[PDB]
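Novice: with the input below, show me the fold.
(7 chains)
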Amino acid sequence: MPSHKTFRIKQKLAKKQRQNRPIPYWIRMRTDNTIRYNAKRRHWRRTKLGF
Amino acid sequence: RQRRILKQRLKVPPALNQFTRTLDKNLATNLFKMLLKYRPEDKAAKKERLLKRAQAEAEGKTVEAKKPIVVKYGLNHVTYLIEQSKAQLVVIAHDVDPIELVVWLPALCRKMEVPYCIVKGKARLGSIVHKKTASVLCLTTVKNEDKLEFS
Amino acid sequence: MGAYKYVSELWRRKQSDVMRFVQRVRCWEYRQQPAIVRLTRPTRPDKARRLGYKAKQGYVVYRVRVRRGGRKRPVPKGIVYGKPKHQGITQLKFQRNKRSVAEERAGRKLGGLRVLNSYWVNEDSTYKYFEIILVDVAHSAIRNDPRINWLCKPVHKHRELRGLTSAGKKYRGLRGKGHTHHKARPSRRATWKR
Amino acid sequence: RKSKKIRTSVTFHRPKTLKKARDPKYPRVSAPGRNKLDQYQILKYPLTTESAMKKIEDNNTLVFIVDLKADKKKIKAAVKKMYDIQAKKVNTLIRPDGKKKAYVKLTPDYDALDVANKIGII
Amino acid sequence: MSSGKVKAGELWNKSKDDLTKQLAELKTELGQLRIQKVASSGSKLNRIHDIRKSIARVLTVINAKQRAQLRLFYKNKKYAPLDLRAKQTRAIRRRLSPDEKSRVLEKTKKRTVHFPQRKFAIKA
RNA sequence: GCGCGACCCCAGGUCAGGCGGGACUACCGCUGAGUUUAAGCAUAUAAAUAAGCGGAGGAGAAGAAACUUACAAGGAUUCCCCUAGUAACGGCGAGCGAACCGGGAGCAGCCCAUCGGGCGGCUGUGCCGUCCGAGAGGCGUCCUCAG
RNA sequence: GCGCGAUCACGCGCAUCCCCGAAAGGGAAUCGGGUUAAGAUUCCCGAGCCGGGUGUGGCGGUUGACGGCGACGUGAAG
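Specialist: Numbering: from 1, shown residues only, chains lettered A, B, ... in the order given. Next up is the structure itself:
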């Protein structure tokens, strides 16, 4: 076996994974307004992945 | 193995579904009236030749000398030149479906005493009226120095 | 006038003389041929010549085959479920006519064309037969003819479906004008039930 | 030459067996449109990680990050043009980047070390 | 030159031959700003923005030239499924362009239909 | 008792040219419920709603009388206002429920029942060169006359 | 018709179609050693083989193969 292989789910899962990163120190500074608690940032233990 | 091989439409159909019944339609029926009989075409071919030389004797100068000939093809023009009583001989094709298109003329012409010939096939009537299409009916309105052969 | 009167006179009399023979014989064909038939000739040129027939490109004539009877209403053998003023399966008959269904079928299959008008080409004992005129919008010959370029206008696409055919006006009650006609004109949904 | 008199006996003389003729096609004249030059740049940058460098030394193989409508034949061509080297095998991965990580093993005739030096990479 | 460029007007006044050498040079240099990303310099910032534009300017400008050229070659001849996009753009706008209105009022029963007037006096 | 080339019906392909299939919020066209009400309920009512389905346009749709009519006149068609909760329907229970007209909004009457295609030429919504397929009637002074 | 020859370009033959449908039915070919923080029968090092696809020569043979009672062993379209 592969480790379920298909590129077409596999890439998009990897995109959401790259998309779930911290906000970049800068966008807090120039800035308009917010306690910038980003927020769409998701976790290995809790809630559940979607497509 | 060998011997025969021979003969599609007698034993291996389907191969054509529309037309077989179309032949059966011509041959069979039941049924009440109406269209049949004459042409041994000897007396077609003379009519056809004296229909070709009823478009094709056309001269007709600027001057009212004599314009010779008219032949007209197509059902409505043939009806109206019978009704307007100067058709000198009309021609009917037997090969007409809808039949309804040509039914009127044998009754109509015999009420005008205009003679009518019944050529077997529609395409030859269209070619010999010098169309580039078949013709269900045609007329001569005025022949051309032929009167004796026309009578 | 002309020759077109005789065939018109015949077609009155479906049951009689040459017309019952020749058209019962063309039903050997009509049963054989599909529920789309395009043909290159009108069966009735008279009622082509009086519903809009000019031979000219973009014109087609087509025969449609529609079942006889009413309408039968889903679901049988899992039946409604409701009080009996509203129970009905074969009892109801459509209040579109069988002529309009033929208009719909035809315009669905020839989707780039629009129904002009339609006529009657008989019945046997389960099929009712129509022949329908559909006229191209998109080609120059229809456009450069002022007797038939009114169809081209974008408002007139899919006109059979919105009931703007002659058949669609007639089942909509728009045959009268006056007295009576009062619930049909301008529309069966017209006042919004105020 | 072949006369349909032949053709008539051929339809009569075959119970089933199937039909037959074959035929050509041709273009018009209104000129189909579209002149193009649609080009992607397969190569995007030489990839840089500690794991690439050891691969430079140990086993003569440069490491690029490439496009996501790569293959191995286009990269085996792309690398060849732009760096003047023959490449012997190419190994291809989708990455958690969304990007395609390609290990390109080169000929010993021109070594990854001094191929690299003029666009240094670690 | 040896320094970076460009203006829009400068590309326009260059030949097809010149601009592609310019497009050539630009990818090559861009390719450098990729290895120079490992360096991370602020010069590779400003420059990697502005080279991106210069590529876009060369790519557009050549496309215009080619469309213009095609239109000039063909205004003599017969043509276009492509310029036919542009004239319509599209299905709604194709419906609005038969044309309908002038043609619809064209023919049959039409000369005397309205009030007459002034015109007759002028020609006196 | 027969083969062939050609006309004419059907069919498949083919590339061309042309259109259509999905969308935008409601508006705008068939099929078609029930809760509910009638203090129950089955006709009736909720409701030709909602919903489902299809399809159009910037608006649709409806249109120049086989009309109204109850007289003696009007004079295509929508819509607004009211005619009216009248007429008519209905356990004639509960409820249902208009039209003619009348005055406005705005007005308009017409129309059936040589065409296109291909190149070439142009100042390409066009026309020319060409090749191809396919309200009517007679007479009369005249008044009016395209662009 | 599709399918195939066929080189010069062209004609000939037939019956039930065409994709998806198992990463655990069926199936062309790889191992051993090494190395990485993290891969590995996947890269390397050694060695092997397959598949698919053009040339080359050894010759085994030539009016399409000898031997061994035999069994059996050591051209080419329709």
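
Novice: what segments of chain D are strands?
Specialist: Secondary structure of chain D (DSSP state E): strands located at D:43-46, D:61-66, D:87-94, D:100-106.

Novice: so which of those gets nearest residue C:177?
Specialist: strand D:87-94 (73.2 Å; C-beta to C-beta). Yep, even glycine has a C-beta here, placed from its N, CA and C like the rest.

Novice: which residues touch the closest one?
Specialist: A:7, A:10-11, A:14, D:68, D:70-72, D:75-76, D:79-80, D:100-107 (C-beta atoms under 8 Å, 6 or more residues apart in numbering or on different chains).

Novice: and stretch E:97-111, by the same measure?
Specialist: Stretch E:97-111 is contacted from outside by C:143, C:144, C:146, C:149, C:150, C:152, C:153, E:87, E:88, using C-beta under 8 Å, 6+ apart.

Novice: do a quick rundown of the helices in the chain.
Specialist: By default, I'm working from chain A. Under the criterion DSSP state H, chain A contains helices at A:7-19.

Novice: wait, I meant chain C there
Specialist: Using DSSP H, helices in chain C cover C:4-12, C:17-32, C:45-48, C:98-109, C:140-143, C:166-170.

Novice: which one of those lies nearest to residue B:123?
Specialist: Residue B:123 lies closest, by C-beta to C-beta, to one member of the helices of chain C: helix C:45-48, at 20.1 Å.

Novice: could you list every helix and strand in contact with that closest one?
Specialist: The contact analysis (3 or more C-beta pairs under 8 Å, 6 or more residues apart in numbering or on different chains; DSSP states H and E) places helix C:45-48 against helix C:4-12.

Novice: export the helix it packs on as CSV, just CAs?
Specialist: In CSV, the C-alpha atoms belonging to helix C:4-12 read as follows (Å, rounded to 0.1, in the frame of the first residue of the first chain):
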residue,chain,number,x,y,z
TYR,C,4,-55.2,24.8,-50.9
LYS,C,5,-58.9,24.8,-50.5
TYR,C,6,-59.4,21.2,-51.6
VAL,C,7,-57.1,19.6,-49.1
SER,C,8,-58.6,21.8,-46.4
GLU,C,9,-62.0,20.5,-47.5
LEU,C,10,-60.7,16.9,-47.2
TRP,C,11,-59.3,17.2,-43.8
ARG,C,12,-62.7,18.0,-42.2
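
Novice: which residue is nearest the middle of chain B?
Specialist: Of all residues in chain B, the one closest to the mean position by C-alpha atoms, centre = their mean is residue B:93, 2.7 Å from it.

Novice: for that one, give the beta-bridge partners.
Specialist: Following DSSP bridges, residue B:93 is listed with bridge partners residue B:119.

Novice: let me know the outermost residue of chain A.
Specialist: Distance-from-mean max, chain A, by C-alpha atoms, centre = their mean: residue A:1 at 28.0 Å.

Novice: can you tell me the closest non-neighbouring residue to residue B:24?
Specialist: Nearest non-adjacent residue to residue B:24, counting by C-beta to C-beta, 6 or more residues apart in numbering or on different chains: residue C:28, 7.5 Å away.

Novice: number of nearby residues for the one you found?
Specialist: Neighbour count of residue C:28, defined by other C-beta atoms under 10 Å in any protein chain shown: 14.

Novice: please name the residues that touch it.
Specialist: B:21, B:22, B:24, B:25.

Novice: how about the residues of chain B by RNA strand G?
Specialist: Counting by C-beta under 7 Å from any atom of the strand, chain B comes close to RNA strand G at no residue.

Novice: how many residues are close by residue B:140?
Specialist: Number of residues near residue B:140 (other C-beta under 10 Å) recorded here: 25.

Novice: what ranges does chain C have for its strands?
Specialist: Using DSSP E, the strands of chain C run over C:37-39, C:59-67, C:113-123, C:127-136.

Novice: to RNA strand G, which of the ones you listed lies closest?
Specialist: strand C:37-39 (21.6 Å; C-beta to the nearest atom of the strand).

Novice: what about the closest one, near RNA strand F?
Specialist: Yes. Strand C:37-39 reaches RNA strand F (C-beta under 7 Å from any atom of the strand) through C:38, C:39.

Novice: can you pull the contacts of the residue in chain E positioned nearest to RNA strand G?
Specialist: For chain E, the nearest residue to RNA strand G under the criterion C-beta to the nearest atom of the strand is residue E:38, separated by 16.4 Å. Residue E:38 sits next to D:48, D:120, D:121, D:122 when contact means C-beta under 8 Å, 6+ apart.

Novice: which among the contacts of stretch E:97-111 gets closest to residue E:14?
Specialist: Checking the contacts of stretch E:97-111 against residue E:14 with C-beta to C-beta, the nearest one is residue E:87 at 30.1 Å.

Novice: assign that closest one to helix, strand or coil.
Specialist: What DSSP: H, G, I helix; E, B strand; the rest coil gives for residue E:87 is helix.

Novice: spatially nearest residue to it (excluding sequence neighbours)?
Specialist: For residue E:87, ignoring the flanking residues on the chain, the nearest one in space by C-beta to C-beta, 6+ apart is residue E:97 at 7.7 Å.

Novice: how near is residue C:193 to residue C:183?
Specialist: 12 Å (C-beta to C-beta, to the nearest Å).

Novice: higher neighbour count, the two?
Specialist: Shown here are residue C:193 and residue C:183; by other C-beta under 10 Å, residue C:183 has more neighbours (10 against 5).

Novice: what's the local residue count around the one residue in chain B that gets nearest to chain A?
Specialist: Closest to chain A within chain B is residue B:14: 46.2 Å, counting by C-beta to the nearest C-beta. Residue B:14 is flanked by 6 other residues according to other C-beta under 10 Å.

Novice: can you confirm it is in a strand?
Specialist: No. Using three-state DSSP, the assignment for residue B:14 is coil, not a strand.

Novice: just the buried ones among the contacts of strand D:87-94, please.
Specialist: Taking 16 or more other C-beta atoms under 10 Å in any protein chain shown as the criterion, what is buried in the contacts of strand D:87-94 is A:14, D:70, D:75, D:76, D:79, D:100, D:101, D:102, D:103, D:104, D:106.

Novice: how close does the fourth one get to chain E?
Specialist: What it means is residue D:76. When C-beta to the nearest C-beta, to the nearest Å is applied, the distance between residue D:76 and chain E equals 19 Å.

Novice: check the burial of residue C:115 by counting its neighbours.
Specialist: Neighbour count of residue C:115, defined by other C-beta under 10 Å: 27.

Novice: one more: the one 5 residues further on?
Specialist: Burial of residue C:120, expressed as a neighbour count using other C-beta under 10 Å, amounts to 17.

Novice: list the contacts for it?
Specialist: Residue C:120 sits next to C:99, C:129, C:130 when contact means C-beta under 8 Å, 6+ apart.

Novice: in TSV, list those along with distance to chain E and neighbour count.
Specialist: Below are those laid out as TSV (distance: C-beta to the nearest C-beta, whole Å; neighbours: other C-beta atoms under 10 Å in any protein chain shown):
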residue	distance to chain E	neighbour count
C:99	29	21
C:129	34	22
C:130	29	24
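
Novice: mind putting those residues into CSV with distance to chain A?
Specialist: Below are these laid out as CSV (distance: C-beta to the nearest C-beta, whole Å):
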residue, distance to chain A
C:99, 50
C:129, 52
C:130, 50
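
Novice: looking at the residues you listed, which is nearest chain B?
Specialist: residue C:129 (14.9 Å).
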